[PDB]
Amino acid sequence: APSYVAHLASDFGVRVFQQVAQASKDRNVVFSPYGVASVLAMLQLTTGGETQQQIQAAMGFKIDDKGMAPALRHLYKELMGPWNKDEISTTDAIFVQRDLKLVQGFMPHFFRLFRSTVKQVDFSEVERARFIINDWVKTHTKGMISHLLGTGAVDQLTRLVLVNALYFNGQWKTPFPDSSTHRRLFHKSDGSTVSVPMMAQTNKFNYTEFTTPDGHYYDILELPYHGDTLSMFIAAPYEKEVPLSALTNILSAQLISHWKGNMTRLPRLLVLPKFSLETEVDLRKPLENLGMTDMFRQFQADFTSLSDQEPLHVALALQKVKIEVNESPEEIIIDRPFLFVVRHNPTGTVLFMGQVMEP
């Protein structure tokens, strides 16, 4: 059961990422597949009718079913354990109107399943409501993500806000020597070149070569973090002309697990560029393409499990991810666009995903 829900959370989150990357061609994007699954699973308890059916059908599981929520509670405790060492910061929050009569029994049931509460804020005080959302993210990401650019859209009419924020800056198992860091040329998808600092180290890295259904070769390299608890999978096509879209559209939790199994250690000189990327995305259009259309529509939305008094709808759905990648004879030069995956090896959870077009 804990490995089963982690597989469903990863599969759903990859499908959301595949939609955000489709509308972000030739541009840097960082997304948390595990993060978007957590907020959507919490929202599954606030919904009713056909609105609740649309989320359950896309996610592949019902949150009220036996052993579904205790498996996610065990997963979060495992991911935020003693190994953490201030590398990851996860936060999930749902905001609703303060003077709104909630269904008697919702609040105790919500805390029983996620060990969290739905925050009640007055949206009449626009600037005060904007501060509470930004301050909640600030205090729960240890001050890494302090502001959300999407909060500038909330007003006196806003009644429901969905927010998720993730931070990553992991410690490598075998760190990169700072003396090897030098500025190298990076080729862009349009044909232009840019000079960016690149890390280098000689080690026995896990390597594999896979093929796309079209018939194009692509290589995968594994970079483990301290205690092998986490690993970064760098995916890039063999041919310089092949775009990253071909590799993105075929992603899944099974494929990443299949990459690890077919991998064999090889002595190489890896040249990986340094990148500190940040991306904030509105989840209206990506969740709409997956089937969840009702939750955003004013009259078609059903949130009877949260409140039957006033009609509600998701006015704002956001995710802000900040990833940091720093230092702490055959060669592999990563000097062209590539894909990255941050996997939690014991459960197989896809924590982070993205495409680096320009570091």
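Neighbour counts are summed over all protein chains in view; Cβ atoms, including those assigned to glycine, are modelled from backbone coordinates with ideal geometry. Basis: the model, the stated rules and, where named, an outside source; no laboratory instrument gave them.
When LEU266, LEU272 are screened for being within 21 Å of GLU209 (Cβ to Cβ), loosely packed, with under 15 Cβ neighbours inside 10 Å and of a type in the set (A, V, I, L, M), only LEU266 passes.
Within region 336-349, the set of residues being over 18 Å from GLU278 (Cα atoms) and surrounded by 18 or more Cβ atoms within 10 Å (Cβ to Cβ) comprises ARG343, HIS344, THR347, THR349. For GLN18, the requirement of being exposed (fewer than 15 other Cβ atoms within 10 Å of the Cβ) and not assigned by CATH to the domain that holds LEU100 is not met.
For (1) within 30 Å of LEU100 (Cβ to Cβ); (2) of a type in the set (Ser, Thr, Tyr), each residue gets a yes or a no:
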| residue | (1), (2) |
| --- | --- |
| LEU287 | yes, no |
| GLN298 | yes, no |
| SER305 | yes, yes |
| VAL325 | no, no |
| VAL350 | no, no |
| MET353 | no, no |
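Identify all residues within region 82-102 that are of a type in the set (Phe, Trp, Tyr), within 18 Å of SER307 (Cα to Cα) and in a loop (DSSP other than H, G, I, E, B); write none if there are none.
none
Checking each residue in region 98-119 for being under 20 Å from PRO70 (Cβ atoms) and among the basic types (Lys, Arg) picks out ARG112, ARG115. Among the candidates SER3, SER38, the residue that is over 15 Å from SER245 (Cβ atoms), in contact with a helix residue (DSSP H, G or I) (Cβ under 9 Å, 6 or more places away or on another chain) and surrounded by fewer than 18 Cβ atoms within 10 Å (Cβ to Cβ) is uniquely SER3.
Remark: pairs (first residue in region 243-262, under 18 Å from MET357 (Cα atoms); second residue of a type in the set (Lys, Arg) and loosely packed, with under 15 Cβ neighbours inside 10 Å; Cβ separation under 9 Å; 6+ apart in sequence or on different chains) = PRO243/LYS25; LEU244/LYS25; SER245/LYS25.
Scanning region 51-81 for residues that are more than 17 Å from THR141 (Cα to Cα) and assigned to a loop (DSSP other than H, G, I, E, B) returns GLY60, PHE61, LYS62, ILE63, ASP64, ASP65, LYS66, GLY67, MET68.
Please work out which residue is nearest to the chain's Cα centre (by Cα), limiting yourself to region 15-71 and to residues that are β-branched (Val, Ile, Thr) and under 23 Å from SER189 (Cα atoms). Full working, then the answer.
Here is the first cut: in region 15-71, the residues β-branched (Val, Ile, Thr) are 16, 20, 29-30, 36, 39, 46-47, 51, 55, 63.
Right, trim to under 23 Å from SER189 (Cα atoms) and you get 20, 29-30.
Details: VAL20: 11, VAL29: 10, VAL30: 7 Å.
Restricting to residues being β-branched (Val, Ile, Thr) and under 23 Å from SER189 (Cα atoms), the top hit is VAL30.
Looking only at residues of region 291-335 that are more than 27 Å from the chain's Cα centre (by Cα), farther than 30 Å from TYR238 by Cβ and of a type in the set (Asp, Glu), we find that the one that is surrounded by the most Cβ atoms within 10 Å (Cβ to Cβ) is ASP308.
Quick one: is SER32 under 24 Å from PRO337 (Cβ atoms), of a type in the set (S, T, N, Q) and surrounded by 24 or more Cβ atoms within 10 Å (Cβ to Cβ)? The answer is yes for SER32. If we scan region 227-244, do we find a residue that is out of contact with any helix residue (DSSP H, G or I) (no Cβ under 8 Å at 6 or more places or on another chain), part of a helix (DSSP H, G or I) and under 30 Å from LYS85 (Cβ atoms)? Yes; the residues of region 227-244 include at least one that is out of contact with any helix residue (DSSP H, G or I) (no Cβ under 8 Å at 6 or more places or on another chain), part of a helix (DSSP H, G or I) and under 30 Å from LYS85 (Cβ atoms).
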